[PDB]
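>>> here's my sequence, what's the structure:
(chains A and B)
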2 protein chains.
Amino acid sequence: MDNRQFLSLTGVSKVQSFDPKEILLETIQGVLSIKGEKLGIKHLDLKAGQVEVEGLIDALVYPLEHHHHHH
Amino acid sequence: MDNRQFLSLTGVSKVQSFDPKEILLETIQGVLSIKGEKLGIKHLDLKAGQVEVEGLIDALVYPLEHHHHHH
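Numbers count the residues shown, from 1 in each chain, chains lettered A, B, ... in the order given. Take a look:
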């Protein structure tokens, strides 16, 4: 069991921020905030529109539903 | 068009709860809460410490530990 995780996600259309400690990827229905450290490796070309990163990802944050909730 | 995104994570030591709308994985920094629609696993997952899920994800919940981070 290693501490580095390899994260692969599809639906990535627009890159709004890329830092090895915080990455903002604009995906199909939301923007993903990838927080951690040593988040190396990036898809420079959106071949299948997917991202594949390696490092110590501490938190994965997707946007909460636009208010709504039904509650 | 399909709106399903493929989310793959390595370093998954244990699974907490498995529901096709909400996946709970016990990993390095804590429990990763995957929320969405049709959250099915790609194959024989959990094995090898890797989990691939496909579906129309709504949001991701990953706690910044209780280990600082919050600033």
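>>> mind listing what the strand or helix carrying residue A:9 pairs with, with the direction of each?
Using DSSP states H and E, residue A:9 sits in strand A:5-10. When pairing is defined by DSSP bridges, strand A:5-10 lines up against strand A:50-61 (antiparallel), strand B:5-10 (antiparallel).
>>> pretty sure residue A:31 is touching residue A:24, no?
Yes - if you go by C-beta atoms under 8 Å, residue A:31 and residue A:24 touch, sitting 5.8 Å apart. C-beta coordinates here come from the backbone N, C-alpha and C atoms, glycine included.
>>> so what sits against both of those two?
residue A:16 (C-beta atoms under 8 Å, 6 or more residues apart in numbering or on different chains).
>>> how far is the next helix or strand after the strand holding residue A:9 from where the chain is centred?
Remark: after strand A:5-10, the chain's next helix or strand is strand A:12-19, criterion DSSP H and E. Centroid separation for strand A:12-19 versus its chain: 8 Å, with C-alpha atoms, centre = their mean, to the nearest Å.
>>> strand A:12-19 vs chain B: in contact?
No - shown here: strand A:12-19 not in contact with chain B (C-beta under 8 Å from any C-beta of the partner chain), separated by at least 8.7 Å.
>>> parallel or antiparallel, list what pairs with that strand.
By DSSP bridges, strand A:12-19 pairs with strand A:22-27 (antiparallel).
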